[PDB]
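Participant: Pasting an experimental structure with its sequence.
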Amino acid sequence: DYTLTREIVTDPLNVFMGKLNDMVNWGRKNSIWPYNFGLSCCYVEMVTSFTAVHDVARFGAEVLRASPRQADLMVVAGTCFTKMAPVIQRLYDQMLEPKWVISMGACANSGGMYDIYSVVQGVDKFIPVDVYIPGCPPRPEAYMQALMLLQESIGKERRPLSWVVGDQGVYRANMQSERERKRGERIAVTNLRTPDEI
Amino acid sequence: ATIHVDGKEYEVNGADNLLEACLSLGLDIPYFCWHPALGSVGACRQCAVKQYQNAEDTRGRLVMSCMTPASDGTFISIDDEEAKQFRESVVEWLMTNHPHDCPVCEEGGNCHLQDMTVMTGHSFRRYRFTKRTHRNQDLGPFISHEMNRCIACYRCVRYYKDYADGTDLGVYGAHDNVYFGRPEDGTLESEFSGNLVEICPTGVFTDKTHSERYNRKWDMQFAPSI
Amino acid sequence: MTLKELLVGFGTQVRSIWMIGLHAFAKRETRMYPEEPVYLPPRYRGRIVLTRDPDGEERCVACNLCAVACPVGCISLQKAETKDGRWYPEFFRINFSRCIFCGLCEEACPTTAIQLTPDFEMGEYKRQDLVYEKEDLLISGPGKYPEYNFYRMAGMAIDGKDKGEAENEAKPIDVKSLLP
Amino acid sequence: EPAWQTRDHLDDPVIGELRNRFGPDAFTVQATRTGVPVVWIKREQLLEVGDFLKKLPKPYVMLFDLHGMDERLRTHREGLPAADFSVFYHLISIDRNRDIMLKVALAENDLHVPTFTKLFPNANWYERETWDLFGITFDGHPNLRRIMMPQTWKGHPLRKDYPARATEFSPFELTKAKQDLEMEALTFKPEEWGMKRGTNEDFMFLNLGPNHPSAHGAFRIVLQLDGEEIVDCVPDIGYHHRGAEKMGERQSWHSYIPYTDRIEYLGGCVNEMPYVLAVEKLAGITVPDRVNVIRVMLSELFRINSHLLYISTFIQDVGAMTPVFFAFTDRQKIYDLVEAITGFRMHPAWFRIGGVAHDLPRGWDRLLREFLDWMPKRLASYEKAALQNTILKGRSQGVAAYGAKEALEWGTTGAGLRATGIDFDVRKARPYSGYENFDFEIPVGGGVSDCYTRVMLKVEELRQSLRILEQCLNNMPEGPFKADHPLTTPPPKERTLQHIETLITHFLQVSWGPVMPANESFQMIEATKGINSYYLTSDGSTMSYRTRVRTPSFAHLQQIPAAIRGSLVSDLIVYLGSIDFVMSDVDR
Ligand SMILES: CCCCCCCCCCCCCCCCCC(=O)OC[C@H](COP(=O)(O)OCCN)OC(=O)CCCCCCCCCCCCCCCCC
Ligand code: SF4
Ligand code: SF4
Ligand code: SF4
Ligand code: SF4
Ligand code: SF4
Ligand code: FES
């Protein structure tokens, strides 16, 4: 199942064009350059994931461009303040295709604990989001898990190989929800370690 | 009339008792058995204050504010240490038999006993023995009955019989085994039986119709209506 | 600059280069997520679950203390009752797109039903899928508190626990009893 | 008499001096739990009183805080002058080691005060924020514009009749504000920003934006440049405004603690400490010694965490990109201990009214000992590899220098103040949380506060915090982790789970909230980035009537134009790296 941006359609996928699409998806998902954009404390956890103890470079996602033109991924890591929302929208508009969005933390997801006069209640009110990370802040490995989720989403999307030939629509896979995928293992948990120890 | 509460002068009605006079002045005195519409009986012994004979008196004595007239030139203290200790002790005595029921009790968050337990500052249990237990009665489709939570404040019987002139609710037994309810299972016959859920300061008498779809008071959306 | 300043500066540059090369001779301090699992201490505040008593019944009595203690207001539930009188949540939903994992709901729970568990991996594609209902929260055991049972303490009678059968409870004495 | 008792401080010599100078009927003394003399002054005598306090033999040299209060819904104002609104002025005499709060009452129709900017230059931003959030005008202000909200904002959010919650999102207003951003440079005029003599036709105006995110946050600086030289600059802040004080009026006393954590998001339990101390003053709670030692240990661990981030990010801003990796590994060791104790990394929310959330887990001392063995070699390596490099020294020494007088007139605290030679640390001058039982030193500078001296002073502060942590590890008292007070929120969990009166107290504390009797309390601490204070007004309810948070980064960012004038832009970015600020602290 796929969603088309030019509706819910089926898979549009010759066998050489499928291999070319897989090669392009592999190259895109293994080379994701985030935009260096810091809103709040969630950005501290993101750049913590960039350091030696986590080494997000191992996934090939450490380049951290200062220009939106050179960046493939916008991580909204922090609160979408009302004064900063036009800035976020302009920076997202300055990014070039293909571009993906990770909303990081409760503030970027929904406004979080800041249901307040000066805060936009979630970045998905005005820009589309590919992966959401709950947490306040999410720990750096949660950001890495969301990066891997984005890689799985990229690895099965369909985009035009060229802008002069073929279908120009962007097809995104309707992936199974992580909640429903992990429900079988999560409900089966019985005992946990007592909180009196280290 | 002129009263002096904790060294502060107040003008009150002399025909009132000290509890309703001090509550009308905004002062906080814990109370259970008194109600504004039912009068004073001095049962629960919660409303203790220290009354002095005159201004130059430091000993005083503990009196019931609901049973003491707010007469002219009356010197009392609410925040006296012995009065506070006795009020905390009364709450503690009520707490000895009280069931561990607040999460599953419809009165929670709307409970006068909870409010007065917090108000007296009693939060540490040193009683270690058993709690008395009661069986409940079926009171019809409107009122749910839970006698474990009773503090024997006699508000229900005073309202139901002396105020509403009902006949099928009463108090039975003696000492710490006093029971409040009907002589047998059956629907409460009074047309004004539903006021028990607000008259009772605990969760003994509760709204069964609300209990079906229960939610706490803080979660409600209220409006003034007719 | 002076000649001494230039020479001392060159020496400090050489020292910096040497120390970073010796760092290249050192041991890696990288925790290799995801192949190496993240160690989480037992009281780590991650994914929220609802737990069961040692008898196997769900611990939640739908007392709504967690929902009001939530500063974000991302818990919604409704009380329901069994035929024997046991309170339980008819539904229980948590908006994890709003939740800040502060642990105040677990702190406020008087039955130890709701618990924050050491699980951080909670990323999602659609925000609507971050609304966890009761079937996504209720787990098969007691979680972090293995033995606590609220209904063994409560005075309210339920199935298998009559009046006078809770802890520190005497048997009910009828007012019609012959003993003075 | 306990330290939280209500006092009027009439024995303070400043009260007698004011009575001798202005007369007994000129002012009203209010009894508070703030720990300072609170004096209500007539509006027409405010400048005279401020000048008199500034010219005392041991003078009040720093305007610590200046803000407002909407008193219209306050029901317990006994002994207070009639006031629809009020403006308070917290002033500090370091030589006296004393402070005074001055309060000016205002009617609803006459909402104007004389400006304090001629006596104290940090009153500029303080009065701009008071105008923005309360609508109180200050006569004689050089440019009284909004500082938190955008200029096209309707209403004053800290007023009691302003709705706290978020309004409905609209793409049209986002489009309009995007258009204002797009033609902001085209229609830029220096006059509305307080700038002057621009476009001479030799200066340029250049805007800085969210392009260098060194974990401080998003804000703007517009620079007036003669070629490469800064002749004037104003910071544009409020891009990180979260409405935290308004949220203080929106949450219970217990449920506001996670919001305290996010005021200065590199501080954690350091941010929690002044709030819980001020609430405990309101509640009349004296915490036991084990609580004091646990809270000190958590505060010092988070101070080391914040200092590690600050030093490594300064080194990265200078140009050396390597030590940030190792310093974040050290931050992970701290996080190992903090995760084990509190269950969380950056915002533990672990302090409680009356204590802490749990007891220390078994095995905490092993992790603390491991960190205390790990840290010193790493710190020495950072010093030798980066802080003793002459290129870093040439980039930082003598850059954005100020002395003691400039630090005092701008409210600069923390390492920036102590680098000027003024020995003022709250943990020694006004000890709190049992800090007087610990042996540690306060590093001070030679008299001049550069980027380099501030960074090295924070390095010595890190070493002193390691000493305090060693003392915490060696002498941790046995006892309770929560006070034996009825307002300890929540009560101990095991008694809650088996005792009915404790369960009742827990039930009402977590749902409706603990009832704090009507009073005003104040607590000042030495935070990671300077002096952080909470000023809490309770109107007898389960929520704060007013939560005022004084943060040091606000004062430091206001000091920026005075210190960086006549320098280059490279000096400005190095200065921003050496300030130790975050935008959450600035905007709250
Ligand atoms: C062919 C392949 C190999 C090529 C090799 C290239 C490198 C040159 C040869 C080896 C040089 C070894 C230098 C050893 C430096 C030892 C490290 C050290 O301790 O340096 C710091 C020290 C000053 O210590 P201190 O003042 O405490 O500094 C901390 C406060 N900032 O600093 C000092 O005490 C300074 C000591 C003298 C350093 C210079 C020695 C003579 C160099 C002659 C050539 C000129 C180089 C520079 C020319 C630049 C011109 C543009
Ligand atoms: S979600 Fe929490 S940690 Fe992230 S920006 Fe918001 S307050 Fe900070
Ligand atoms: S009657 Fe009041 S104190 Fe007793 S269980 Fe119910 S809510 Fe708790
Ligand atoms: S049932 Fe209620 S009203 Fe009647 S005596 Fe008991 S506590 Fe009082
Ligand atoms: S952890 Fe905090 S934010 Fe999340 S549901 Fe519990 S109380 Fe609410
Ligand atoms: S606080 Fe616990 S028992 Fe009460 S409603 Fe929440 S999860 Fe259920
Ligand atoms: S209210 Fe006075 S004794 Fe009961």
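Facilitator: Arrived safely, thanks for sending. Residues are numbered from 1 along each chain as shown, chains lettered A, B, ... in the order given. Ligands and ions are numbered 1, 2, ... in the order given.
Participant: Check whether stretch D:465-476 comes near chain A.
Facilitator: No: residues of stretch D:465-476 contacting chain A under C-beta under 8 Å from any C-beta of the partner chain: none, with a closest distance of 14.4 Å. For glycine as for every other residue, the C-beta is placed from the backbone atoms N, C-alpha and C.
Participant: Now that stretch: buried residues?
Facilitator: Residues of stretch D:465-476 classed as buried: D:465, D:466, D:468, D:469, D:470, D:471, D:472, D:476 (neighbour count, 16 or more other C-beta atoms under 10 Å in any protein chain shown).
Participant: and the residue nearest to residue D:233 when sequence neighbours are not counted, how many neighbours?
Facilitator: Using C-beta to C-beta, 6 or more residues apart in numbering or on different chains and skipping the chain neighbours, the partner closest in space to residue D:233 is residue D:223 (4.6 Å). Counted with other C-beta atoms under 10 Å in any protein chain shown, residues neighbouring residue D:223 total 21.
Participant: what do you get for residue C:165?
Facilitator: The number of residues packed around residue C:165, counting by other C-beta under 10 Å, is 14.
Participant: quick one: it from residue D:397, how far?
Facilitator: Separation of residue C:165 from residue D:397 (C-beta to C-beta, to the nearest Å): 78 Å.
Participant: Could you do residue D:469 as well?
Facilitator: Remark: distance between residue D:469 and residue D:397 (C-beta to C-beta) = 30 Å.
Participant: Now do the contacts for residue A:120.
Facilitator: With C-beta atoms under 8 Å, 6 or more residues apart in numbering or on different chains as the criterion, the residues that contact residue A:120 are A:80, A:81, A:82, A:85, A:111, A:126, D:166, D:169.
Participant: Report the entries of these that also contact ligand 5.
Facilitator: Applying C-beta under 6 Å from any ligand atom, the subset of those adjacent to ligand 5 is empty.
Participant: Go through the longest helix belonging to chain D and flag the buried ones.
Facilitator: Assignment by DSSP state H gives helix D:289-318 as the longest helix of chain D. For helix D:289-318, the neighbour count (16+ other C-beta under 10 Å) marks D:290-318 as buried.
Participant: now swap in stretch B:185-205 and tell me
Facilitator: For stretch B:185-205, by 16+ other C-beta under 10 Å, it's B:188, B:190, B:193-197, B:199-205.
Participant: ok, the most centrally placed residue in chain C - contacts?
Facilitator: Central residue of chain C (C-alpha atoms, centre = their mean): residue C:116, 1.0 Å from the mean position. Residue C:116 makes contacts with C:44, C:45, C:46, C:47, C:48, C:101, C:103, C:105, C:106, D:343, as judged by C-beta under 8 Å, 6+ apart.
Participant: quick revisit: ok, which of the buried residues of helix D:289-318 also contact ligand 2?
Facilitator: The subset of those within reach of ligand 2, by C-beta under 6 Å from any ligand atom, is empty.
Participant: Among the buried residues of stretch D:465-476, which ones are in strands?
Facilitator: Using DSSP state E, no member of the buried residues of stretch D:465-476 sits in strands.
Participant: Around ligand 6, which positions in chain B sit nearby?
Facilitator: residue B:103.
Participant: Chain C: strands as residue ranges?
Facilitator: Under DSSP E, chain C gives strands at C:48-50, C:75-81, C:87-95, C:114-116, C:131-132.
Participant: Could you do the stretch 101-250 of chain D as well?
Facilitator: In the stretch 101-250 of chain D, the segments counted as strands under DSSP state E, counting those that start in this stretch are D:112-114, D:137-139, D:203-208, D:220-226, D:229-236.
Participant: cool, and chain B?
Facilitator: Using DSSP E, strands in chain B cover B:2-5, B:8-11, B:48-52, B:61-64, B:74-77, B:143-145, B:170-172, B:179-181, B:205-207.
Participant: Spatially central residue in the chain, please.
Facilitator: All of this is about chain A. residue A:102 (2.9 Å).
Participant: Hmm, no, I was thinking of chain B.
Facilitator: Short answer for chain B (C-alpha atoms, centre = their mean): residue B:32, at 1.8 Å.
Participant: Ramachandran angles for that residue?
Facilitator: Here is the backbone geometry of residue B:32 (degrees, to the nearest 10): phi -120, psi -50.
Participant: The residue in chain C that ligand 7 sits nearest to: neighbouring residues, count only.
Facilitator: Ligand 7 sits closest to residue C:175 of chain C, with a gap of 23.1 Å, by C-beta to the nearest ligand atom. As a burial measure, residue C:175 scores 13 neighbours (other C-beta under 10 Å).
Participant: One more: residue A:92?
Facilitator: Neighbours of residue A:92 (other C-beta under 10 Å): 19.
Participant: ok, and does the helix or strand where it lies reach over to chain D?
Facilitator: Taking DSSP states H and E as the criterion, the element that holds residue A:92 is helix A:85-94. Yes: contact of helix A:85-94 with chain D (C-beta under 8 Å from any C-beta) involves A:85, A:86, A:87, A:89, A:90, A:91.
Participant: By neighbour count, sort out the buried ones in these.
Facilitator: Among the residues of helix A:85-94 next to chain D, those classed as buried by 16+ other C-beta under 10 Å are A:85, A:86, A:87, A:89, A:91.
Participant: quick one, what contacts the third one?
Facilitator: Residues near residue A:87 by C-beta under 8 Å, 6+ apart: D:181, D:209, D:210, D:218, D:239.
Participant: With neighbour count and distance to residue D:197 added, can I get the residues you listed in a markdown table?
Facilitator: A markdown table is the format used below for these (neighbours: other C-beta atoms under 10 Å in any protein chain shown; distance: C-beta to C-beta, whole Å):
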| residue | neighbour count | distance to residue D:197 |
| --- | --- | --- |
| D:181 | 15 | 26 |
| D:209 | 14 | 24 |
| D:210 | 18 | 29 |
| D:218 | 25 | 29 |
| D:239 | 23 | 27 |
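Participant: nearest to chain B, of those?
Facilitator: residue D:239 (35.3 Å; C-beta to the nearest C-beta).
Participant: Wait, the closest one touches residue D:216, no?
Facilitator: No: applying C-beta atoms under 8 Å as the test, residue D:239 and residue D:216 come out as separate, 11.4 Å apart.
Participant: Could you pull out the residues contacting both of the two?
Facilitator: Jointly contacting residue D:239 and residue D:216 under the rule C-beta under 8 Å, 6+ apart are residue D:583.
Participant: got the residues of chain B near chain D?
Facilitator: So chain B meets chain D at B:91-92, B:95, B:98-103, B:108-109, B:113-115, B:117-118, B:121-125, B:216, B:218 (C-beta under 8 Å from any C-beta).
Participant: now, which of the residues you listed lie within helices?
Facilitator: Counted as lying in helices by DSSP H, out of the residues of chain B next to chain D, are B:91, B:92, B:95, B:113, B:114, B:115, B:117, B:118.
Participant: centre of the chain versus stretch A:7-16, how much separation?
Facilitator: 23 Å (C-alpha atoms, centre = their mean, to the nearest Å).
Participant: Let me have the residues of helix A:85-94 next to chain D in CSV, extended by distance to residue D:561.
Facilitator: Rendered in CSV, the data for the residues of helix A:85-94 next to chain D read as follows (distance: C-beta to C-beta, whole Å):
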residue, distance to residue D:561
A:85, 27
A:86, 26
A:87, 23
A:89, 30
A:90, 27
A:91, 27
